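This report refers to the structure that appears directly beneath it.
Using ideal geometry, Cβ is built from the backbone for each residue, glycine included, and neighbour counts are taken over all protein chains shown. Each answer follows from the model by the rule given with it, or from the source it names; none is laboratory data.
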Amino acid sequence: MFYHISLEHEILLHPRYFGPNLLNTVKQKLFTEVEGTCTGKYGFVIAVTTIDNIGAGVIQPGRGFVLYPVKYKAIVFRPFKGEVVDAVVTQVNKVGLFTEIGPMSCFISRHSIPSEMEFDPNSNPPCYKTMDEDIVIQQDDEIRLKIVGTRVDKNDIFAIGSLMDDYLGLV
Amino acid sequence: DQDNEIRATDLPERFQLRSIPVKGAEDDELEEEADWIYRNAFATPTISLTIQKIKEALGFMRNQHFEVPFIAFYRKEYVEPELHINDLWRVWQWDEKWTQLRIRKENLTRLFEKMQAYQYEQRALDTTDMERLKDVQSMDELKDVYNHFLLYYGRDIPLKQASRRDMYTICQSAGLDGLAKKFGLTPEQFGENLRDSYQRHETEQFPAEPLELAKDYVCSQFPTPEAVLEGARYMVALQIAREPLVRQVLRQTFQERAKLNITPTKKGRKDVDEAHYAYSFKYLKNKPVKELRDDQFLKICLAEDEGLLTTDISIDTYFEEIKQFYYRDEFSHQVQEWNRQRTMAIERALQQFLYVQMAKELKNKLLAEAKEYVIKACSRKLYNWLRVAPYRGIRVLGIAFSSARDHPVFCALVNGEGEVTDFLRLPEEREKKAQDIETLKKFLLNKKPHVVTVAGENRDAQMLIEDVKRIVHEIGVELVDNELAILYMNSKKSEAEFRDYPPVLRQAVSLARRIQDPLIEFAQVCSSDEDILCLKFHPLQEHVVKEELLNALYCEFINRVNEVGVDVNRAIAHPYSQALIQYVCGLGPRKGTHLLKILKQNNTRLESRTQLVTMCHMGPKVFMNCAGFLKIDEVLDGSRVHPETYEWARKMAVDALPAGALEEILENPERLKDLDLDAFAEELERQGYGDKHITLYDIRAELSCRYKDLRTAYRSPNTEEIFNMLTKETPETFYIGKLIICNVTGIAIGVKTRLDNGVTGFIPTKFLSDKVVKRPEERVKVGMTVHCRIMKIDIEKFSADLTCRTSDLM
Amino acid sequence: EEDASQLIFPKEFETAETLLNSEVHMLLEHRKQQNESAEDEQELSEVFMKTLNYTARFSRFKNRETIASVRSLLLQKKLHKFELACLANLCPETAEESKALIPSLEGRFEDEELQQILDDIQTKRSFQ
RNA sequence: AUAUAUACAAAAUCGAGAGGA
């Protein structure tokens, strides 16, 4: 899911940036630091909307830098267990379907794909299908799926999907 | 284990590997195939790059299980002159495609039939079952059929249905079919109107205006009777845009009148400048797709994947033409309404369904054509490597080296058989060079090697060859490419074979081996998909599908290995050559290693070809497939004649005048023209049963010289080859006018600048302006590097004009 | 420990404000507007791209006001911000599909009340 | 138509005594 939350940070400002235009630098450093990263506590950090408060900048004794504590708000995308989201398959294997719920990558083991479907590598586009092909998931298809499990890897979240219950799968 | 039956079954190895297993044909299934294979594998593509023949071949492939080489070298008369080896490979490539299509067409047949049942239980299918599915000539139109179905009947599966996205079904909830029917002219019909480009079906007026019909259907999801008109238009739109006939005509239209627009993204305006590949099309406008050159779109699309460029395919109008159909004339004012609704319905169809899907379709088609070109090129390049004969076994000496600044030269004397005999390391200066030269001549005197080959790494190959020349005259010497040998060296196998040697000796052994017989060495060092792909076949190689590309490359190998044929014995006694057998048709890696096995195990040499099934357990079909292609230096075994033709060949031998007969013929062809092709052919109508004229023509040829090698004879590289080899960049890569960082060395009247390419750069005197005038230091200090622009080349001497003037730089 | 189906979250996503994929959409091209202009700025990350494309692919409302209205409509009824966003992002069709997709709506409303809720969603759902 | 090098900190503890300011 996508959210909008408030967060915490302290930046060290080298003395070259003391001078006019220094609060902009505190901004630009908050930008360049927090954005683009992913953290398991909050999930994918899409972007920072609006900062709130630049604290009092304490010169650190010795060593010059000033430490400004900052308050800010940002968008984050955080999946949760038992959630259902749309996902797009990018590639199909005999093991399962690799999908993405946006920036995050999700996987649906063969076991989690219903029993009717079989994997057909022989297809001109590889796909999972029923024998009659009444339902066929392949590349680029949108699907719904329950996020049954999520895991952290190098601050990167990837989910575990399931197509078990009613109203999931091929959209 | 799969390998066990594959080694054990009676079909050629490469037949079991294929995803769609090969099942026999019917001769009506086969004719329909062959028609399809013709049309699709021999219709003009969208970018600028007999059926009975295909029939016969497919018959061979799918019913008798002859592999493309056996068809090509032993059923020529069936398929020649109109199918060649590459053609047959293409035919078997497309037979897979046929089968996929047949299998999906079947599946859809059942699905449709089930739905017909269910409908009978309770629009409907009448001919569209027949008309559409049976007439699906392509996977594309199959999706049209399929999605078309899913629109209407997809709702009903007899888990839950997983509601759709397109909100057609929300409309279909509220009877919006009522309106859509009440727009005139059912979508089948409209597609027909397009198909004929004139209003074959008139429309149906109604005795009301749209709004009044809307009051009927405006309920809940749609209040506000305009909203129901929207739903109605949208309904009409999907129905239009899913209709296969509409799709056919519009797919065609895109094929024919498709333009390509390109602009650069923020990221692209900056970093696409005159040396980036995309420079030529950073801005395109109305480029018609018919003009995209061989690999050009592959580049375009890559450049888009790099995000530095943004593209779109369209026609521009077409909408204007189209709207003339679903239309009416009289100006009632209660039809200008319906006409207006009708029009904007078609807008929505085209504008948000068809144009988009057709653009993706075309892009994929183009892109994939481009891919294919690139594969084709890589194949062509490898063909060229492999199609070069051995030199005129031979003791070859092979010299390799490196940057050489404090690094020595090793040379390796590699026997005729290909096994390395002995090696020599060849490391104020002038006396050092002199001593080396002396020991070289000592080596060359001692062990007279037929051919001395010198790697190509850089200019130094030139000096190296010339010193060796200077030596030998007092027996050839040849520059030789070094690209495969680099690969050998780096590979783990070279370690395996020579634990002791240093790596550059490993190049030395390679470069000697390759000169001796390039096919063998390629096959040995291109042992796995990764290995082969390390070679640089085409600059874009990296982007085409690994599977397809490996296929083409392996097929090239298969081709030549069969022409060359393989001597099993030598592959035994000198285990270097074992790699070949994999490519012999009828065999494979599994089957091949097996054959080598049994032969090893038994500790016997293949005295004969019938010794194969006799002494090994290979089944009839493989012996037929392969046996042709196994030299055995029973004299007819060492010849391309198949064992099934030994009788004909002996007969011809008698008709020359039978051990004396054959050996006389082999000693000389007493009368080549003793034979009468027509007469042998005529008899073959009752003894042999076929128009086997060409087969005879070949057998005569083969009686001339047992396994005459058909590779082209070696030629030392043309100076263009020398250039692009030692410098290692292409005629394209010396873009005259390229900008290059060069290093200045010293005014020998000129300004001698050394390129990183190992190329001398002569800024000319005109820019220099000093021949008898003061030295040009004031323009530039000696020592440093500058970057300038080429304005002429001297490949035959490795010199390139350059430019001072930033006027030239601009 | 966190469970959407059982309506369980860690304490941080309690005062968190949810979004609808279309809200995220419009904001992400808002940020494209900021990025494309104002040169000498870092290009947006491939993560930003993936989320952009995704939410673009599934933004069921293409008009700011419509999104707002959707939201507001979901506000006036006692609903959790989670279910708020799940309903609006998934756009379920029938009440029973909602329950399957958002079990946390178990027993909350009546299926018919909910149904005309869903219908209100759908009727506000903008054509594109 | 030429031109040779690159490794890293070695040296302890306890006790006594004698001195220095």
### Task
Could you list all residues from the stretch C:78-104 that are surrounded by 22 or more Cβ atoms within 10 Å (Cβ to Cβ), among the hydrophobic types (A, V, I, L, M, F, W, C) and outside any loop (DSSP other than H, G, I, E, B)?
C:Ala85, C:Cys86, C:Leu87, C:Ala88, C:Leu90, C:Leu101
#### Entry: Residues being more than 8 Å from chain C (Cβ to nearest Cβ) and surrounded by fewer than 23 Cβ atoms within 10 Å (Cβ to Cβ) - total across the stretch A:93-106
6
## Note on the structure
So, first residue more than 8 Å from every other protein chain (Cβ to nearest Cβ) in the stretch C:79-105, second residue part of a loop (DSSP other than H, G, I, E, B) and among the aliphatic types (A, V, I, L, M), Cβ within less than 8 Å, six or more apart or across chains; the pairs are C:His80/C:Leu7; C:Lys81/C:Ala16; C:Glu83/C:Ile102; C:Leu87/C:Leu79; C:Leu87/C:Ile102; C:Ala88/C:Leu20; C:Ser104/C:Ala4; C:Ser104/C:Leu7
### Count of the stretch B:651-674 residues which are loosely packed, with under 12 Cβ neighbours inside 10 Å and outside any helix (DSSP H, G or I)
3
### Query
So which of B:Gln116, B:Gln122 ends up being within 14 Å of chain A (Cβ to nearest Cβ), more than 42 Å from the chain's Cα centre (by Cα) and of a type in the set (S, T, N, Q)?
B:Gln116
### Query
Mind checking which pairs have a first residue in the stretch A:54-67 that is closer than 23 Å to A:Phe31 by Cβ and a second that is among the hydroxyl-bearing types (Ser, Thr, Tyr), Cβ under 9 Å, 6 or more apart or different chains?
A:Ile54/A:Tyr68; A:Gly55/A:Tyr68; A:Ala56/A:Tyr68; A:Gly57/A:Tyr68; A:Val58/A:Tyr68; A:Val66/A:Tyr17
### Task
Determine if the stretch C:40-62 includes at least one residue that is away from chain A (no Cβ under 12 Å) and either among the β-branched types (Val, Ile, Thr) or over 30 Å from B:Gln161 (Cβ atoms) (or both).
no
### Task
Return only the number of the condition from (1) away from RNA strand D (no atom under 16 Å from the Cβ); (2) more than 14 Å from chain A (Cβ to nearest Cβ); (3) out of contact with any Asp or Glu (no Cβ under 7 Å at 6 or more places or on another chain); (4) of a type in the set (A, V, I, L, M) that B:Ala368 does not satisfy.
(2)
### Query
Any residue at all in the stretch C:6-28 that is more than 9 Å from chain A (Cβ to nearest Cβ), over 19 Å from A:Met1 (Cα atoms) and either in a helix (DSSP H, G or I) or more than 20 Å from the chain's Cα centre (by Cα) (or both)?
no
### Task
Please tell me if A:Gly169 is closer than 25 Å to A:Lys81 by Cα, in the same structural domain as A:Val85 (by CATH) and crowded, with 21+ Cβ neighbours inside 10 Å.
yes
### Task
Quickly run through the stretch B:197-250 and pick out the residues that are among the aromatic types (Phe, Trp, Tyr) and not in a loop (DSSP other than H, G, I, E, B).
B:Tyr217, B:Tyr234
### Query
Which fully enclosed helices (runs of 4 or more DSSP H) of the stretch B:675-782 have 3 or more residues being surrounded by fewer than 16 Cβ atoms within 10 Å (Cβ to Cβ)?
B:677-684, B:719-726
### Only listed residue being within 22 Å of C:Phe127 (Cβ to Cβ) and of a type outside the set (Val, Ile, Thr), chosen from B:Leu367, B:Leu362, B:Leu309, B:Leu354
B:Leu354
### Summary
Among helices (runs of 4 or more DSSP H) completely within the stretch B:459-514, the ones holding 3 or more residues that are within 16 Å of RNA strand D (Cβ to nearest atom) and surrounded by 19 or more Cβ atoms within 10 Å (Cβ to Cβ) are B:460-472
### Message
Which count do you get for residues in the stretch B:138-148 that are more than 10 Å from every other protein chain (Cβ to nearest Cβ) and of a type outside the set (D, E, K, R)?
### Response
4
### Query
Quick one: A:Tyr68 ticks every box in (1) more than 14 Å from chain C (Cβ to nearest Cβ); (2) under 22 Å from C:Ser22 (Cα atoms) bar one, so which box is it?
(2)
#### Entry: Of the criteria (1) buried (at least 19 other Cβ atoms within 10 Å of the Cβ); (2) touching a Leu at 6+ places or on another chain (Cβ under 9 Å); (3) assigned to a strand (DSSP E or B), which one A:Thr90 fails
(1)
